[PDB]
């Protein structure tokens, strides 16, 4: 739509783990940040997290307050390979608008 600001979500950080309020929304062969945003927006969630190429989690608390950051969000999103869907042991966390 526009080249910058078209996505109704903002990257927070890469985290080692998720707070207990995060729950798996889906596993998907075409997982991506925009797919997970739509999944979690439909649930009314405030945050979403990508994990290990294919998994999408939704949650309501900011992991910044409770989990350590990570530099190992290195598993590409199956549905958008230039973006990382967390890592094997790390979560790419975004905030929904």
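Positions refer to the first chain, counted from 1.
Here the stretch with the larger average CA B-factor, out of 48-56 and 61-69, is 61-69. In this entry, the higher average B-factor at the C-alpha atoms falls on 1-9, of the pair 1-9 and 87-95. Ranked within its chain, residue 18 lands in the highest third, by CA B factor from the PDB record.
Among the modelled residues of the chain, residue 34 sits in the middle third by CA temperature factor in this PDB entry.
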